[PDB]
Amino acid sequence: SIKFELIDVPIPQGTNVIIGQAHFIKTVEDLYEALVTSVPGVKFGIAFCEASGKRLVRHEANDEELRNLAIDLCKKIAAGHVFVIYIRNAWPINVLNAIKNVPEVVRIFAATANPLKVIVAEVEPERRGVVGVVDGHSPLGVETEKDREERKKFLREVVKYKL
Amino acid sequence: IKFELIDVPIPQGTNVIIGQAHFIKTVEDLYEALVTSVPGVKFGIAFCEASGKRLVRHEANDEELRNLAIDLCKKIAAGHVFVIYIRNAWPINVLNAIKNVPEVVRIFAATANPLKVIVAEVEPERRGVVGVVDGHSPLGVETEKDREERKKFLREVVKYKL
Amino acid sequence: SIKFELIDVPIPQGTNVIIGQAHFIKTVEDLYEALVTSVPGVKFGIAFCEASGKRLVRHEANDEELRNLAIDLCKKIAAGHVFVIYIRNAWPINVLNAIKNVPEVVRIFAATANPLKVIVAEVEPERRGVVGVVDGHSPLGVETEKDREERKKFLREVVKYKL
Amino acid sequence: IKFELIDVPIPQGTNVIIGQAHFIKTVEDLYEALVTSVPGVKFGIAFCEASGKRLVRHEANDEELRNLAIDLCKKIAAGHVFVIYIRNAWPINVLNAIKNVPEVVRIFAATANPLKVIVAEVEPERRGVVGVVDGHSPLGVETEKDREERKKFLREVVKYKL
Amino acid sequence: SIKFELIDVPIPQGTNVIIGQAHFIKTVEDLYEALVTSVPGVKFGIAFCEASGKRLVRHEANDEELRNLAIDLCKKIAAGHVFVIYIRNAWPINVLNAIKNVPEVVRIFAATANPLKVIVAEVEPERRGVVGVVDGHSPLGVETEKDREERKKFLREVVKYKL
Amino acid sequence: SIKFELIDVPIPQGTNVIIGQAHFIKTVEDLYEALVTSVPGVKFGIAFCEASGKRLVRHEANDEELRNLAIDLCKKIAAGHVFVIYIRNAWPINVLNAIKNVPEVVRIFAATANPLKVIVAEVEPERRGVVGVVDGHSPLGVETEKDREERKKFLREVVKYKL
Ligand SMILES: Nc1ncnc2c1ncn2[C@@H]1O[C@H](COP(=O)(O)O)[C@@H](O)[C@H]1O
Ligand SMILES: Nc1ncnc2c1ncn2[C@@H]1O[C@H](COP(=O)(O)O)[C@@H](O)[C@H]1O
Ligand SMILES: Nc1ncnc2c1ncn2[C@@H]1O[C@H](COP(=O)(O)O)[C@@H](O)[C@H]1O
Ligand SMILES: Nc1ncnc2c1ncn2[C@@H]1O[C@H](COP(=O)(O)O)[C@@H](O)[C@H]1O
Ligand SMILES: Nc1ncnc2c1ncn2[C@@H]1O[C@H](COP(=O)(O)O)[C@@H](O)[C@H]1O
Ligand SMILES: Nc1ncnc2c1ncn2[C@@H]1O[C@H](COP(=O)(O)O)[C@@H](O)[C@H]1O
């Protein structure tokens, strides 16, 4: 029938993870390029589950810890055509549109540094796919106007992403 | 793992857009995407902050739509989900702008059809969207006559095609 | 309550399939145009599940084989606002970014020529949605340096997509 | 090489967008870009076919704007130039859609300011656009007070920013 | 002061030319990739005027005639950071959005198979820039409604780009 | 009638400049955001020639040197709706696609760190437009196979933008 499995995603402090689905072996080189040409100091590991042929986890990196995190999560999800990116010295918003526009990339499941689970379906031996993710925690309530003011201030005075 | 079905209310004249993003700036960037797309668009946006205070963050120029968006976020109750309700605009008027907001990771639905969201709860307070049910299944396959009728609809009625 | 079903996706040799979610009847015409204006000589079929009103599988094609493959998969998936595209004489990378930018298109579940299953949830009679896909097979191992050299060679000497 | 200046009329309530494209499908694709961007947009589009019959090709849902666009194409008289006049929409509502039309190669201007097009004629019937003059040169540099005033304009008046 | 020069662009039957401006040496590889990954049968030459360093016309191609056309036009325009693409077996609409989205690419001056001139300004020795182009001929008149019907028919029955 | 002027563009070592055309006052804020959200630690100045009303050079920056460079160039070009961006700690390729997709931006004339001139037409007092630019220098020759190997090596071993 269908077996659901939960995969916990380790996210060390200072990293962000991006998980998606693509196709074709060139994914690995195109994602390498999207990352290194987006932010000069970026440190990353990228791994991609080739789904046919030799069926290898394909990987590039300029940081060995991040390479191994990416590889290990691909091994655990173990679903054809999934890719995993771990990054330091850059935020997902710095690279996401580049990633969306890689022609091999078909969808992105998560971009986050929160506690994160991946929900995987195994339908037959060695046939697995991503069902969804659980990105952080459910809401505790609704923000107030003063909470709104606070987050506006955060964006303007702290991270300076807005004026 | 438990699955839950969330019914999505869609008042006449509105459309809903449901997706997933990350980072608090989501709500400001989605506000701008909408307001700069269509003059006179009316909307409510709500976004599930998934860490820290874990507050539903919201922007709107219509209070009915604000509160619909907030309600649905609370019902779905999945981290980093956003909901947009719109009036005086169609999803096609705004969707490419939304896709290109850097915080936005994925869109699950854009529609006015009867709609359900399928949510997985894996543990208390840890939920995610596993799909949507957008309207109903097919009743059959269109004929050449049906084709001619939808071609005329797009050219004579809504005038989106020549 | 919720029933999960598995739909097998036929893929004749020489074809690729792209499956996604959209909305609005204009989907069919816009995807037609996206395909035909991308690659001279592309052969395709496109079907879309209109999810209200007449609830007809809507379709366009320049190849009858591919039309019927697209229509048949839509009948089997049977989920509102899902679209299916079968292509010959073009690869998904040749058309995907065009498809992504169609304003009706909201998400793409798969683009592939691998063995492929679609996981569909039926929540009540006539109410179905796509939960995920199973694209090819789980990984057999992790790429070695030697395997990386072979992948690089393939991209440079065989398909000539990299220099 | 001779240079000519073409004055561009801009009626109150309109904006003009001038660029360069190629291939007859330009006009249909620009029509669709506009009509699917903003409900109730009013427009005229004209495009200079630069071979074959060399006819100005045009689409519109407003006759005043159609004819303005046609007139300007004739005055510029440069192969593969297009002109769009719009009402009930702003250029920012439609420009990204226009940029992404595959026939469109470049955009010279989007504005309601007084505007001139600079055209080079190299030989009879062989002309091209060499630039535009969009409004007037700067009178000075804004102060912090001026800054605060434009920030308030964008947040309190047009509400494009928070 | 400023010297204006007119460069005539040869366009052999069955080719199209794309002329633009970019920056950075990676332009040449990224444009190669944009072209070869857009249309399977595409034949092309691409040349780019490196504007500093060794200041070479940089080039890639899978067709030697087109390579030489591209190189020769770069030599004649002789303006820093200009690029030239000649293509067969594909139309500009098949590749243009990919080209626009190459991060090195800053503008496109022309995409056409019409009689074409490039207007170049030389301001000082070996300092040249593109002022504009003359793409085909000035209009002879305004199309009628029946002319409109004819071009609609062309798009629907002949090239089949619209329905 | 028409006077042509040549504006020299100062480019301190470590900076790049991007010059373009936009419209509407929101240009300044949207370009600010495009820059700051692209690369952590980017330093920039952005100036824009408001072309009606008060006709003020509008500006935003996180670095006073770069602000004044941007403002000064706008004063010298002195053409309505032109924008200038100077950046440190980021390359144009890191930000260009974001800039291209700002809805106010209509065209980009240059992105470079080379010697650069802007050609401005003055058609009457206070009425100026950008005609073109002269980005670096004319080519000295055509790339040999040996030169191509060196270019490839540079991209793979030095800047690591290609594999
Ligand atoms: N300054 C920032 N810039 C860009 N993205 C951020 C920033 N801070 C947090 N994020 C992203 O937004 C998510 C939620 O924010 P946080 O409140 O830090 O848990 C993080 O997991 C990051 O993926
Ligand atoms: N005129 C229109 N323009 C754009 N989108 C539309 C229009 N009419 C319907 N839609 C969208 O397409 C979906 C299906 O349409 P309907 O067949 O009218 O139920 C709706 O729920 C809307 O999201
Ligand atoms: N030469 C190619 N160009 C583009 N896409 C390809 C190519 N070869 C394979 N693919 C795609 O990548 C997927 C996996 O490749 P394969 O290893 O050939 O089974 C296929 O299912 C195709 O969708
Ligand atoms: N069937 C076509 N598909 C795509 N582009 C075309 C086609 N025919 C012509 N073009 C382009 O449109 C331009 C003008 O068309 P023509 O009427 O063939 O001179 C040509 O120079 C080509 O660049
Ligand atoms: N509210 C607005 N929304 C979008 N664009 C605008 C708006 N107001 C003015 N513009 C554009 O910006 C240009 C400069 O504005 P103004 O200062 O009002 O002359 C105009 O010619 C319009 O093209
Ligand atoms: N490492 C790099 N990454 C990105 N862009 C660069 C890099 N090096 C040079 N550039 C850009 O390409 C242009 C020409 O390069 P150069 O050969 O270094 O003078 C410069 O003016 C920069 O704008």
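Quick note: numbers below take in every heavy atom, side chains included, and nothing from hydrogens, waters or symmetry partners. Residue numbering restarts at 1 for every chain, and letters A, B, ... go by the order of the sequence lines.
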* Asked: Would you say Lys75(A)'s side chain and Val142(C)'s backbone share a donor-acceptor pair under 3.5 angstrom?
  -> no
* From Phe82(B) CZ over to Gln20(B) CD, what is the distance, rounded to the nearest 0.5 angstrom? -> 9.0 Å
* Ion pair present between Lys162(C) and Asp30(A), side-chain N to carboxylate O less than 4.0 angstrom? -> yes
* To do: Output the distance between atom CG (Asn16(A)) and atom CH2 (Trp91(A)), rounded to the nearest 0.5 Å.
  => 6.0 Å
* Determine whether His137(A) and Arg127(B) make a side-chain contact, defined as any pair of heavy atoms from C-beta on separated by less than 4.5 Å. => no
* **Residue of the set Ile87(C), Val118(C), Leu116(C) for which side chain to side chain contact (heavy atoms under 4.5 Å, CB included) holds with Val17(C)** => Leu116(C)
* Partners passing salt bridge (charged side-chain N to carboxylate O under 4.0 Å, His left out) against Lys116(B) (at least two apart in sequence or in another chain) -> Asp7(B)
* Shortest non-hydrogen separation from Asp63(A) to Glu65(A) and the atoms involved -> OD1-CG, 2.5 Å
* Roughly how far apart are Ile19(C) CD1 and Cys74(C) SG, rounded to 0.5 Å? -> 8.5 Å
* **Nearest-0.5 Å distance that lies between atom CG in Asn68(A) and atom CG in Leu73(A)** => 12.5 Å
* Asked: Any side-chain heavy atom of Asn89(E) sitting closer than 4.5 Å to one from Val39(E)?
  -> no
* Would a distance-only check, ignoring hydrogens and angles, find a side-chain to backbone donor-acceptor pair under 3.5 Å from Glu104(A) to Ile93(C)? -> no
* Could you pull out all residues at least two apart from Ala61(E) that satisfy side chain to side chain contact (heavy atoms under 4.5 Å, CB included)? => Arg67(E)
* Step-by-step side chain to side chain contact (heavy atoms under 4.5 Å, CB included) determination, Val84(A) to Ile46(A) -> CA-CA 6 Å; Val84(A) 175; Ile46(A) 179 269; over 6 Å; no
* Contacts of type side chain to side chain contact (heavy atoms under 4.5 Å, CB included), residue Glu149(F), not counting sequence neighbours -> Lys152(F)
* Atom pair NZ (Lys43(A)) and CZ (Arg88(A)), whose distance is rounded to the nearest 0.5 Å -> 11.0 Å
* Asked: How would you list, by chain and number, every residue that makes a salt bridge (charged side-chain N to carboxylate O under 4.0 Å, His left out) with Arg106(B), sequence neighbours excluded?
  -> none
* Asked: Should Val120(A) and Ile7(A) count as side-chain neighbours, where that means a heavy-atom distance under 4.5 Å?
  -> yes
* Quick one: closest heavy-atom pair of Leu163(F) and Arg148(C), and the distance? => CD2-NH2, 3.7 Å
* Does the side chain of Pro12(C) reach to within under 4.5 Å of the side chain of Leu69(C), using non-hydrogen atoms? -> yes
* Asked: Checking side chain to side chain contact (heavy atoms under 4.5 Å, CB included) for the pair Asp147(C)/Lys54(A): CA distance, chi angles, key distance, verdict?
  -> CA-CA 9 Å; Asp147(C) 292 324; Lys54(A) 295 179 160 198; 3.8 Å; yes
* For the residue pair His22(B) and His80(B), categorise the inter-ring angle as parallel (less than 30°), tilted (30 to 60°) or perpendicular (more than 60°). => perpendicular
* To do: Return yes if some donor-acceptor pair links the side-chain N/O of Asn114(A) with the main-chain N/O of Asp135(A) below 3.5 Å, else return no.
  => no
* Taking the side chain as C-beta and beyond, is there a heavy-atom pair between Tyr32(E) and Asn62(E) under 4.5 Å? -> no
* Asked: What about the rings of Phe3(B) and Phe4(A), do their centers lie closer together than 6.0 Å?
  -> yes
* To do: Answer yes or no: is there an ion pair linking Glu121(B) with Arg126(B), defined by an N-O contact shorter than 4.0 Å?
  => no
* What are the two closest non-hydrogen atoms of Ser138(C) and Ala78(A), and how far apart are they? -> CB-O, 3.2 Å
* Asked: So do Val9(A) and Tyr86(A) actually touch side chain to side chain, heavy atoms under 4.5 Å?
  -> yes
* Which is it for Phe109(C) and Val106(A) under the side chain to side chain contact (heavy atoms under 4.5 Å, CB included) test, yes or no, and what are the steps along the way? -> CA-CA 7 Å; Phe109(C) 296 108; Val106(A) 308; over 6 Å; no
* Between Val134(A) and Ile119(A), does a side chain to side chain contact (heavy atoms under 4.5 Å, CB included) hold up when you go through it step by step? -> CA-CA 8 Å; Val134(A) 177; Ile119(A) 306 174; 4.1 Å; yes
* Rounded to the nearest 0.5 Å, what's the gap from CG on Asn97(C) to OG on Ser38(E)? Could you check? => 9.0 Å
* To do: Applying salt bridge (charged side-chain N to carboxylate O under 4.0 Å, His left out), name anything that partners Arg151(C), two or more places apart in sequence or on another chain.
  => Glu29(A), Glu60(A), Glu143(C)
* Evaluate the side-chain proximity of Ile99(A) to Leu31(A): yes if any heavy-atom separation is below 4.5 Å, no if none is. => yes
* To do: Mind checking salt bridge (charged side-chain N to carboxylate O under 4.0 Å, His left out) for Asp72(C) and listing every partner two or more places apart, or none if nothing turns up?
  => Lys76(C)
* Flag side-chain contact, heavy atom, 4.5 Å: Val102(C) against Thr27(C) -> no
* Asked: Is the backbone N or O of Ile108(A) less than 3.5 Å from a side-chain atom of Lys100(A), with the two atoms forming a donor-acceptor pair by type?
  -> no
